[PDB]
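Peer 1: If you scroll down you'll find the structure; I have some questions about it.
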Amino acid sequence: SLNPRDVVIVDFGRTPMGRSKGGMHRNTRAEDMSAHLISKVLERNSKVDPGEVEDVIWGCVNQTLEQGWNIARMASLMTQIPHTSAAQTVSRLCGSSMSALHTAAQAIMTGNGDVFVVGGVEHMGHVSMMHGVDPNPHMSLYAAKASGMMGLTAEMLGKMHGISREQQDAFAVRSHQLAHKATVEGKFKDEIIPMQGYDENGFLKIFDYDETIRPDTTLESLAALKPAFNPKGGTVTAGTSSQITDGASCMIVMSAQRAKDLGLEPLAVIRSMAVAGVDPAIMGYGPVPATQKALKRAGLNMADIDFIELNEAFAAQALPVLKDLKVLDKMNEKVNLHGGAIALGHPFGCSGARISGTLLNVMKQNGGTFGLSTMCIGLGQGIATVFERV
Amino acid sequence: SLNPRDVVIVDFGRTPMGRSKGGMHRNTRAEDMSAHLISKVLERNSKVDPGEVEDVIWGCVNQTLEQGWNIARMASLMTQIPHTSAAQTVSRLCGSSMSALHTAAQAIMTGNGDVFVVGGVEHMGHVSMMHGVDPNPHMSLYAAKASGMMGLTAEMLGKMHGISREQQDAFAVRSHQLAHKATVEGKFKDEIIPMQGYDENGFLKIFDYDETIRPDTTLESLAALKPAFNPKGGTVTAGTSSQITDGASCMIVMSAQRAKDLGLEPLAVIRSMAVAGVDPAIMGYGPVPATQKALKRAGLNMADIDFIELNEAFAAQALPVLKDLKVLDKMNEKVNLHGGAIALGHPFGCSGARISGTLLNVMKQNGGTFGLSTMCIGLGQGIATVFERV
Amino acid sequence: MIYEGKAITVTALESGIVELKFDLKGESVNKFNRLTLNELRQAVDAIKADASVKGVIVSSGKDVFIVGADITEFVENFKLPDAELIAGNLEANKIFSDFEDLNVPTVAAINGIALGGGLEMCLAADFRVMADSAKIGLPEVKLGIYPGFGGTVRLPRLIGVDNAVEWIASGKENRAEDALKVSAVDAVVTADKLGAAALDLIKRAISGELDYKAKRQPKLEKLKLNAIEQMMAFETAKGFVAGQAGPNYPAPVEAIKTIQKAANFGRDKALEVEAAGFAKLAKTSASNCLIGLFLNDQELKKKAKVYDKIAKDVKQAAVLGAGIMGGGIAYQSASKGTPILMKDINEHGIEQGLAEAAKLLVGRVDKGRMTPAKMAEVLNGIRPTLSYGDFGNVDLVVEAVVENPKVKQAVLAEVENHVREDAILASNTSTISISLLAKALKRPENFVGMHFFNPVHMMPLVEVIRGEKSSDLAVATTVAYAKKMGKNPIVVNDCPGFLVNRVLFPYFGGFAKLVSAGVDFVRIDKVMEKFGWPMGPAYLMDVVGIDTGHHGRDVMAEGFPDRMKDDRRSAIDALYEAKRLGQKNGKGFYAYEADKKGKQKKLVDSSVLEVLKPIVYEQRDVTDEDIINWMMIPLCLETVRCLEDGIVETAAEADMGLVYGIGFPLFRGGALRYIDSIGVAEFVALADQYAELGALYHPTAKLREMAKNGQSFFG
Ligand SMILES: CC(=O)SCCNC(=O)CCNC(=O)[C@H](O)C(C)(C)COP(=O)(O)OP(=O)(O)OC[C@H]1O[C@@H](n2cnc3c(N)ncnc32)[C@H](O)[C@@H]1OP(=O)(O)O
Ligand SMILES: CCCCCCCCOCCOCCOCCOCCOCCO
Ligand SMILES: CCCCCCCCOCCOCCOCCOCCOCCO
Ligand SMILES: CCCCCCCCOCCOCCOCCOCCOCCO
């Protein structure tokens, strides 16, 4: 049986991943997008009193304009969540959303709250990444400035492990294809929360799919693109890179005790959490260190993990991570079975919980027991989480 | 006796609080200011291997420009801290830095790391508060927009509890007076880490005091200022409000176990952590709820606390909080004995650990046992921490 | 068809969808007159009765959706008792309420202007589509009343308290972009694809994709605000408006009290609140004519329209003289899509102009508000020059040469020989007669006066001083050119001081008298700022400059010697004769010590008392209430004279010129409305006890005439 203070993920709900360059969310603020998600998710679960939510931990990166001033509370106030609750925004670049899950997890375990609402958001359309950036010259005194350009790191990490242009493009195809498949077959119906938006004609309508996905993506269509971060001899193209996407992901979390009391069947259970660091130059290698640390704390071997969710930053980084994790030959059998950030987009402050949430749906749907969700972080970081289906 | 996973604050070091309007830090980045602090603090404690630092949790609010893109890692990379460590930036407006202390505390308790480096920073000079703000109209559908103006909330909470213009100004004088004294008597020599800066003449020199403090602040000089947030019938003036200050605060934290092994005497020990919410309109009331929750978790009555550190956001809010906490008649005996944010400035992302750190020095210096550090947060929030000297 | 009226034609469409069209046959616009409201009733009942209907689309067959309301026919329905009045509006609201209760999707395809009742009709429907070139708002406040057709009910619950209070209390119009942001509108599209949007939207509501029922709910139930969140929201709103609206509160301070009470209520109960308060305003505050304010606005929207399309398109413009005023006129013309030429005599001038225009553009880019690519276009729009070789295709030319009758005449006459004959010329002078300058030119019909206020990019108002020989086309083009530059132009006839300035100094005359009466100016402006004025008299004088105000005094004294020629050294002469030239000098009524680039400080110092001693002729005692009279009365009366001498054509224009120029407290209406706020008959009485102060406090003959007759300026 479970222990009282064991972290349990009750539910998971994400928004339709829409393009940033004039996508379906071009007229929706990140705050509202988050507030609506949290609100709708709490509805499906009428047995978890919003007043019990000790805190709302939201992940976000470019915290300015719409996303500035603790968006966690800003989005929480427009929810059925009482004013008596708290909220904080956790930023760790890419792994923001996941760190959020960890913070609440540890809180629950230590007896500092019973019910939480974690997740993350990132509206790169209204608040682009290059917006408001002030490169500190002094950084070049301790680390290469180029390491700040995620793309170039993908190039470096790629060169090292030796991944051909074809190897990457082929990966992107597998991501798009699998994403479309899961979509059409309805493997996303449970996690995707229908949301209002505007089509290319300014008309109002509800989307329940991911605009980002491109089924026509073929090796032929990808081999036509030019190197995005290194014209003179590059492999990392816009096609093998994650998409600029506006989107939010939510997740209700609580202790097994307060959970067993509400008689609601768990979606999964957190067994181990881990964060690690690597050199900024090859930040894409962050997953392996973070994963190894998680597996040890979870007392598990990489082989004991049934399904894996590796956020696809670049085909040039995902592949190497999978190779060193010794599971590349098991890809099509248990690695991102619903596609990755290449086809589903990668909302910085959101992807953390999104990949983990989708990870649970894969396990539940395919009778998995142990699952793993990890992702590389900017400036040399990594994060991993090992869930469990009971 | 010791419990292996008990949170222990090893050391604490802050920067000299300098004015933002052309102060001593007008030529220093928030990143560097933070990096230097962390680096110097680690030096004083040569027995804690920087490599063991599982994660650096830094608090920051206006995360854009200099402070954007996970400043925790950006400032950690220029430190002797290895690239193998991790870093995250936690934002909860005012209580950002304190929440950071909580995150690490919980991590240590749950066995997800042994040594941490928490703190916060906020350079309101280079990254002003009103800079890059986009008020979401939708917020007015669930809460008054005016609640977004901290000042107005101070006015509202003030009127309710009935605090006269004299009562507030008198508090400001007490803050400045007590701050200057603590400075002159050297009750700050241990916590303030000398730091390079530039005087009003562009000259280079090291400051080891707080520019913000104004000893000449008298009831006469304060009664001359005009209402800052309500000209036609106001009490909250710039004199009773915290100062716009650029500054950083650091704090090395670890488990009692790994601490006992290093044979280094603890500075304090965390017993309880708490966060609570209130209505945005009277956000300044956040401390009382958060404090009560902390006292219950620490199994202590407000009377058991020897010293208290209440972040002086506004005299109009600090006083009411102290009254309901039923310790107003104990002020001069155990409340902010070294001044507050009114004389020491209030660096958003920094104040959290700063007031807590100062709290410890007060206890250590006055043979206190139980201490309490709490602060109000924007948009209706509160946070409290109860330390212990052993 | 389902219904074919003279104002509304409910035509059927595909899939059982019906289109309720607003087309007042015979008239130019659509409005809620008796006939229209009546047909709506018949229309709604028709659709309601027809069970085959599967949705309703509301449109307009005009250039505008539905403008205000022609209240002239609702006036007799206001003199009735408060019961037969509330129930009266209630019955009218039953229409919109029913349309809101139609068990079917309803969309409002806003094609154009939808003000007052026009917007209230839209707020009734579930969804609202809007053309990017349209505008919507509730300017009821300008009439002394607030929305009476559910406006104070639906808007607050649709876009939020704060947003509603703002939209209502101010009565400002709102563009598509803004209307969409606060969510007053659900979708904005190009005029061409408006119909398609409404149709495509409705079908998505019918299919069940869009929950039209869930979207309607918000304005049928209580507000989502906390009891505490309400106290904060309302008290702050009430407070801020209370201070800038003052004692006679029309729609501003009341609208909020109406929303604060109907807060925890649903539609029906909220309607009763709205109606009740509406009756109070009509029989108290606005009883001293709502008719006037309304018809006055009517005259304007038509006047602004007559000017609008007879006006010549200004594709190419130019300004004479760079530097301060030239750089602004060039900036404004450039930032609004109007290629302008910066003409001057020396290279040093062009430098100053280009510099200032650059400082403003960079100012926005250096924080995030303007695109670097945008700053490029604007800069290219401004074209420097020291000759007239390129003035060949310029349509309108503006002069900014130094204040000198002779010089300005030479320059103006000069440019007239280097531009098309059909080109319009305009001077930016402030103390020189336009009718005088025109005499130099050989084409006075094309010469008028375009008065901008320093800074050109800050101040909204732009006076269109019409000379005695100025053609309508000349004024029309100038007015339009001002509006295109994002300004608010007002036609004013040529006269010393024009409208604004001519009224601004008599106001200062009351101040000068106070200081001479031993009254502390610090206490004075604190009272005037508590009245609603942006800046205080003394503080303003410092900003403008004692040296400037000193010169202006002579300009007005010579103009109207009979009342503006005082002859006793005042604080104005004191400071000037004492080298205290104001803020620019660093010393005026206050001291200003500069911090750095963008900031300076207002300080107090007893050293100013010494200089003012010679001005004190009596240690007269005065209340903060009287202080307001010594100031306002002289200002109001002068406005009445500007209206009587024919400087401004309508009372409406006579007040906005003060609202946008001198900075007249907005929620107090204006100089003329303020008079009505007290009562013309009761105002003359007040003026008489202050008659011992001079001709500046003496009511006009026409004012005394309309005093006994119980006549007010708005009717
Ligand atoms: C560590 C972590 O977790 S995340 C790391 C951070 N990474 C990121 O944030 C993503 C980085 N990516 C980027 O910045 C951008 O996508 C870039 C720079 C790579 C590309 O942007 P741009 O230089 O503007 O090129 P752009 O995006 O306009 O190219 C689009 C073109 O590619 C084509 N294209 C893109 N994807 C595909 C595809 N899968 N199949 C076919 N064609 C495709 C489009 O059709 C389009 O062609 P068109 O212009 O003829 O219509
Ligand atoms: C810019 C102008 C703003 C227009 C907004 C209109 C607000 C004014 O409201 C007018 C008050 O309405 C009075 C109600 O009239 C009663 C007579 O009923 C008419 C017949 O309808 C009977 C339907 O059964
Ligand atoms: C209060 C009345 C004061 C009267 C002042 C009399 C001023 C009369 O002066 C006449 C104006 O002089 C014009 C100056 O001439 C300037 C010529 O500039 C030529 C620039 O050519 C540029 C070629 O690239
Ligand atoms: C007769 C010559 C004297 C010239 C003086 C002109 C007076 C006009 O002042 C212009 C300078 O502006 C600085 C003072 O600012 C006044 C504030 O008014 C704000 C307007 O508010 C508009 C609200 O809609």
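Peer 1: List the residues of segment C:660-694 whose backbone N lies under 18 Å from a point placed 7 Å from the Cα of C:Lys257 along the Cα-to-Cβ direction.
Peer 2: Only C:667-669, C:677-678 fall inside the zone, counting backbone N under 18 Å.
Peer 1: When only DSSP loop residues count, what trypsin sites (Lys or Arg not before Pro) in segment B:273-330 have their Cβ near at most 11 other Cβ atoms within 10 Å?
Peer 2: Taking segment B:273-330 and a limit of 11 other Cβ atoms within 10 Å, the loop trypsin sites (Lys or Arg not before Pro) found are B:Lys326.
Peer 1: Rounded to whole Hz and in sequence order, give me ³J(HN,Hα) for segment B:32-40 from the Karplus expression 6.51 cos²θ - 1.76 cosθ + 1.60, θ = phi - 60°, writing x for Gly and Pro.
Peer 2: Taking θ as phi minus 60°, the curve returns 4, 3, 6, 4, 4, 4, 4, 4, 5 Hz for segment B:32-40.
Peer 1: Output wanted: per-residue J couplings in Hz (rounded whole) for segment A:140-145, from phi through Karplus 6.51 cos²θ - 1.76 cosθ + 1.60, θ = phi - 60°, x for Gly and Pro.
Peer 2: Along segment A:140-145, the couplings run 5, 8, 10, 7, 5, 4 Hz.
Peer 1: In addition: Which distances in nm, rounded to one decimal and ordered from shortest, link the label point of B:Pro227 to the equivalent label points in the other identical copies, with labels set 7 Å from Cα toward Cβ?
Peer 2: Result, one decimal in nm: 6.6.
Peer 1: Averaged over A:111-119, how many beta carbons belonging to a partner chain fall within 10 Å of each residue's beta carbon?
Peer 2: Going residue by residue through A:111-119 and averaging, the value is 2.
Peer 1: Starting with the fewest neighbours, write out C:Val684, A:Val118 ranked by other beta-carbon atoms found within 10 Å of each beta-carbon.
Peer 2: Starting with the residue having the fewest Cβ neighbours, the order is C:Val684, A:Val118.
Peer 1: Only residues of segment A:268-293 count here: report those whose backbone N is under 17 Å from the spot 7 Å along Cα→Cβ of A:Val133, or say none.
Peer 2: A:280-284
Peer 1: Next up: Show the residues, 5+ positions off or on another chain, whose built amide H is closer than 5 Å to the amide H of B:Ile163.
Peer 2: Amide H to amide H, under 5 Å and 5 or more residues apart or across chains, B:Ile163 pairs with nothing.
Peer 1: Next up: A:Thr212's amide H: which non-local residues (gap 5+, or another chain) put their own amide H closer than 5 Å, with H modeled 1.01 Å from N in plane and none for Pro or chain starts?
Peer 2: Amide H neighbours of A:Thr212: A:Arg19.
Peer 1: Can you check how the C-alpha radius of gyration of segment B:11-65 compares to 2.2 N^0.38 Å, as a plain ratio?
Peer 2: Expressed relative to 2.2 N^0.38 Å, the Cα Rg reads 1.32.
Peer 1: To continue, here is another question. Provide the FRET efficiency to the nearest 0.05 for the C:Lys584-C:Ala557 pair, computing r from the beta carbons and using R0 = 22 Å.
Peer 2: Efficiency at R0 = 22 Å is approximately 0.40.
Peer 1: Could you work out the helix-only [θ] at 222 nm for chain C, with each DSSP H run of four or more residues adding -39,500 (n - 2.57) and the total divided by the number of residues, to the nearest 500 deg cm²/dmol?
Peer 2: Per the formula, -14500 deg cm²/dmol.
Peer 1: A further question on this structure: Restricting to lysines 8 or more places apart or on different chains, can you count the pairs in segment B:140-217 with Cα atoms under 28 Å from each other?
Peer 2: Going through segment B:140-217 pair by pair, I get 5.
Peer 1: Under the rule of at least 5 residues apart or a separate chain, name every residue whose amide H is placed under 5 Å from the amide H of A:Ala276.
Peer 2: Those qualifying (amide H under 5 Å, at least 5 residues apart or on another chain) are A:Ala290, A:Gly382, A:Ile383.
Peer 1: Rounded to the nearest 0.05, what FRET efficiency is calculated for C:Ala214 and C:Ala51 with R0 set to 30 Å and r the Cβ-Cβ distance?
Peer 2: 0.80
Peer 1: List B:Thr212, B:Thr245 from most exposed to least, where exposure is judged by having the fewest other Cβ atoms within 10 Å.
Peer 2: Ranking B:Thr212, B:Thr245 by Cβ neighbours within 10 Å, fewest first, gives B:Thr212, B:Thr245.
Peer 1: Give a quick list of trypsin sites (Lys or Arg not before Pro) in segment C:222-313 that DSSP marks as loop, anything other than H, G, I, E or B, with at most 11 other Cβ atoms within 10 Å.
Peer 2: Hits after loop and neighbour filter: C:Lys309.
Peer 1: Return the whole-Å distance between the Cα centroid of segment C:188-246 and the Cα centroid of segment C:13-40.
Peer 2: The two parts, judged by their Cα centres, are 24 Å apart.
Peer 1: Can I ask one more? Show which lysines lie in cross-link reach of B:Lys260 when reach means a straight Cα distance below 22 angstrom and same-chain residues fewer than eight apart are skipped.
Peer 2: Within reach: B:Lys47, B:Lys364.
Peer 1: Give the nm distances, rounded to one decimal, from A:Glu166 to the matching residue in every other copy, measuring between label points 7 Å along Cα toward the beta carbon; shortest first.
Peer 2: Reported distances to equivalent positions: 8.9 nm.
Peer 1: Using the Karplus equation 6.51 cos²θ - 1.76 cosθ + 1.60 (θ = phi - 60°), what ³J(HN,Hα) coupling, rounded to whole Hz, does each residue of segment C:289-295 give in order, writing x for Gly and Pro?
Peer 2: 6, 10, 4, x, 4, 5, 4
Peer 1: If you fit an axis through the alpha-carbon atoms of helix B:315-324 and take the longest principal axis of the Cα set of chain B, what angle between them do you get, 0 to 90°, nearest 10?
Peer 2: Long axis of B:315-324 versus the principal axis of chain B: about 70 degrees.
Peer 1: What GluC sites (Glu not before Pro) in segment A:175-231 are in a loop by DSSP, with at most 16 other Cβ atoms within 10 Å of the Cβ?
Peer 2: Those satisfying the criteria are A:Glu185, A:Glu200.
Peer 1: Exposure proxy check: A:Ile342, C:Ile202 ranked by fewest other beta carbons within 10 Å?
Peer 2: C:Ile202, A:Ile342
Peer 1: Estimate the FRET efficiency between B:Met302 and B:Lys40 by the formula 1/(1 + (r/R0)^6), using the beta-carbon distance for r and 25 Å for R0, to the nearest 0.05.
Peer 2: Here the calculated transfer efficiency is 0.10.
Quick reminder, even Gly has a Cβ in these numbers, built from the backbone with ideal geometry, and neighbours come from all protein chains shown. All of the numbers you see were taken from the coordinates with simple rules; none came from a lab.
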